Q: 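Let me begin by handing over the structure; questions about it come next.
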Amino acid sequence: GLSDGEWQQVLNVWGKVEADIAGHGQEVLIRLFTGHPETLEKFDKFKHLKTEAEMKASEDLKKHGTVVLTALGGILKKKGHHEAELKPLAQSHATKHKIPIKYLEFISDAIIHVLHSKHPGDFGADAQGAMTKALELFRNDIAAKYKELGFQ
Ligand code: HEM
């Protein structure tokens with residue numbers, strides 16, 4: 001649950017992402033894959049990537065980064081009223097991709113890391129607080145659907 005002022009911070013930060021969605025999406029996935037190499041094994045189309053240089057050179061990884069952040073941005077713009085947008089993603093990630101909630105924690109922290117890396121000194125403590133709360137809400141509502149499905 002976020003206040004109006006917190007949502008305003010989230011959507012202000014998101015403007016930074018929308019200026020370069022592919023570059024942000026690429027770096028988020030690279031941070032996930034290099035920090036948590038077990039996550040790469042869930043992607044049949046990226047498991048061939050052995051080095052970060054190959055990851056950086058992969059145009060399909062940048063494409064998928066655009067898909068991921070476009071979906072997340074659509075959810076964030078609903079300011080919590082995201083049941084219709086979130087349900088299909090919860091279902092596909094639990095039942096088809098088999099993504100444990102832990103990996104959603106990993107990618108949430110990766111987003112925070114990338115924002116500081118690309119905007120050092122321009123991602124203030126209030127903005128980090130609000131973005132963190134928004135990603136916690138996203139993860140918590142996914143977790144509720146995971147529990148319904150019995151997925152661990
Ligand atoms: C912010 C969190 C995430 C968002 C918004 C997101 C979004 C998406 C979307 C929109 C798709 C394509 C449609 C679909 O299959 O539902 C997708 C596919 C997929 N996601 Fe995610 N995802 C997220 C996190 C993760 C994480 C953490 C993992 C694994 C560590 C993951 C694994 C996958 C896989 C394996 C696919 C299929 C890729 C393919 O072969 O095309 N997702 N995701």
Side-chain angles (χ1 to χ4, degrees), residues 1-43 46 49 51-53 55-58 60-94 97-147 151-152:
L2 281 72
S3 71
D4 292 337
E6 289 172 326
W7 282 119
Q8 213 192 67
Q9 288 291 294
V10 172
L11 293 178
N12 187 74
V13 169
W14 198 253
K16 298 174 156 24
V17 179
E18 294 202 324
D20 179 14
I21 199 135
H24 285 83
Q26 186 191 41
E27 295 191 29
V28 166
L29 291 178
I30 292 178
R31 174 71 180 182
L32 179 71
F33 292 161
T34 59
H36 309 278
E38 72 272 32
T39 61
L40 190 61
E41 295 306 316
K42 293 289 182 177
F43 291 88
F46 298 136
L49 293 167
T51 69
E52 180 174 335
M55 286 183 202
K56 211 86 100 203
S58 172
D60 198 53
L61 187 157
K62 176 198 289 203
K63 179 179 182 175
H64 197 68
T66 300
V67 169
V68 173
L69 292 192
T70 296
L72 181 59
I75 289 169
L76 291 177
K77 289 171 191 228
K78 297 295 274 255
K79 304 194 308 177
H81 299 83
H82 53 223
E83 172 65 22
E85 291 78 15
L86 190 142
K87 185 179 190 183
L89 291 183
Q91 300 201 303
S92 73
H93 286 63
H97 310 317
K98 309 198 181 83
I99 301 312
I101 200 78
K102 188 84 195 175
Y103 296 181
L104 292 172
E105 179 194 347
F106 292 162
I107 205 176
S108 294
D109 286 337
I111 288 166
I112 297 300
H113 190 273
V114 167
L115 288 169
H116 278 301
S117 178
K118 295 183 73 58
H119 313 278
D122 196 36
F123 184 37
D126 54 347
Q128 181 176 337
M131 188 65 44
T132 297
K133 276 178 66 161
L135 295 171
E136 283 167 351
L137 174 61
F138 166 78
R139 195 152 78 243
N140 193 64
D141 282 355
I142 294 177
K145 302 310 163 343
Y146 275 28
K147 174 173 191 266
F151 179 64
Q152 294 285 351

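Here, residue 1 is the first one in the sequence, and each next residue gets the next number.
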Q: Report the C-alpha separation of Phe123 and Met131 in whole Å, then their side-chain angles, then the decisive distance to 0.1 Å, and conclude whether the side chain to side chain contact (heavy atoms under 4.5 Å, CB included) test is met.
A: CA-CA 10 Å; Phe123 184 37; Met131 188 65 44; 4.3 Å; yes
Q: Looking at side-chain heavy atoms only, is the closest gap between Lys78 and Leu86 below 4.5 Å?
A: no
Q: Using atom types as modelled and distance alone, determine if a side-chain donor or acceptor of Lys145 lies under 3.5 Å from a backbone N or O of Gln91.
A: no
Q: When you compare the side chain of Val17 with that of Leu115, does any pair of heavy atoms fall below 4.5 Å?
A: yes
Q: Please determine whether side chain to side chain contact (heavy atoms under 4.5 Å, CB included) holds for the pair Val114 and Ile30, giving the CA-CA distance in whole Å, both sets of side-chain angles, and the decisive distance to 0.1 Å.
A: CA-CA 10 Å; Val114 167; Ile30 292 178; over 6 Å; no
Q: If a pair satisfies salt bridge (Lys or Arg N to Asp or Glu O under 4.0 Å) and one of its residues is in residues 123-137, list it, with sequence neighbours excluded.
A: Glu6-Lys133
Q: Would you give the length of the straight line joining atom OG of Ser58 to atom CD of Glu52, rounded to the nearest 0.5 angstrom?
A: 12.5 Å
Q: Taking the side chain as every heavy atom from C-beta outward, state whether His64 and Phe46 have any pair of such atoms under 4.5 Å apart.
A: yes
Q: Side chains of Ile111 and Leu72: does their closest heavy-atom pair fall under 4.5 Å?
A: yes
Q: Let me see the working for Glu105 and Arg139 under side chain to side chain contact (heavy atoms under 4.5 Å, CB included), right down to the final yes or no.
A: CA-CA 7 Å; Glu105 179 194 347; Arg139 195 152 78 243; 4.0 Å; yes
Q: What is the minimum heavy-atom distance between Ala71 and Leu89, and which atoms define it?
A: CB-CD1, 4.2 Å
Q: Can you confirm whether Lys77 sits close enough to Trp14 that some side-chain heavy atom of one is under 4.5 Å from a side-chain heavy atom of the other?
A: yes
Q: Closest heavy-atom contact between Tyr103 and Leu32?
A: O-CD1, 4.3 Å
Q: Heavy atoms, side chains only, cut-off 4.5 Å: are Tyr146 and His93 in contact?
A: yes
Q: Quick one: does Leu49's side chain get under 4.5 Å of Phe43's, heavy atoms only?
A: no
Q: Shortest non-hydrogen contact from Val28 to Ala110?
A: O-CB, 4.1 Å
Q: What's the shortest heavy-atom distance between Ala130 and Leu2, and which atoms?
A: O-CD2, 3.9 Å
Q: Roughly how far, to the nearest 0.5 Å, is the CD1 atom of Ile101 from the CD atom of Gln152?
A: 9.5 Å
Q: Within a reach of under 6.0 Å around CD of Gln8, are more than 12 heavy atoms found that belong to other residues, nucleotides or ligands?
A: no
Q: I'd like to know whether NZ of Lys63 has more than 12 heavy-atom contacts from other residues, nucleotides or ligands below 6.0 angstrom.
A: no
Q: Mind listing the closest non-hydrogen atom pair of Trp7 and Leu76 along with its distance?
A: CZ3-O, 3.7 Å
Q: More than 12 heavy atoms of other residues, nucleotides or ligands under 6.0 Å from CG of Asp4: is that the case?
A: no
Q: Say you draw a straight line from CZ of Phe33 to CD of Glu38; how long is it, rounded to the nearest 0.5 Å?
A: 11.0 Å
Q: Rounded to the nearest 0.5 Å, what's the gap from NZ on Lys79 to OG on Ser3? Could you check?
A: 10.0 Å
Q: Is the side chain of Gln26 donor-acceptor paired with the backbone N or O of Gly65 at a distance under 3.5 Å, no angle test?
A: no
Q: Please check: side-chain N/O of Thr70 versus main-chain N/O of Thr66, any donor-acceptor pairing under 3.5 Å?
A: yes
Q: Testing the basics here: between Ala84 and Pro88, what is the closest heavy-atom pair and its distance to 0.1 Å?
A: O-CD, 3.1 Å
Q: According to salt bridge (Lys or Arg N to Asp or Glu O under 4.0 Å), does anything in residues 19-35 pair up with another residue at least two apart or in another chain? List the pairs.
A: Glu27-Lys118
Q: In Å and rounded to the nearest 0.5 Å, what is the OG1 to CG distance from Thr34 to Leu40?
A: 10.0 Å
Q: Within the 4.5 Å heavy-atom criterion, are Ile112 and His116 side-chain neighbours or not?
A: yes
Q: For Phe106 and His36, take the angle between the two ring planes, folded into 0 to 90°, and tell me which bin it lands in: parallel under 30, tilted 30 to 60, perpendicular over 60.
A: parallel
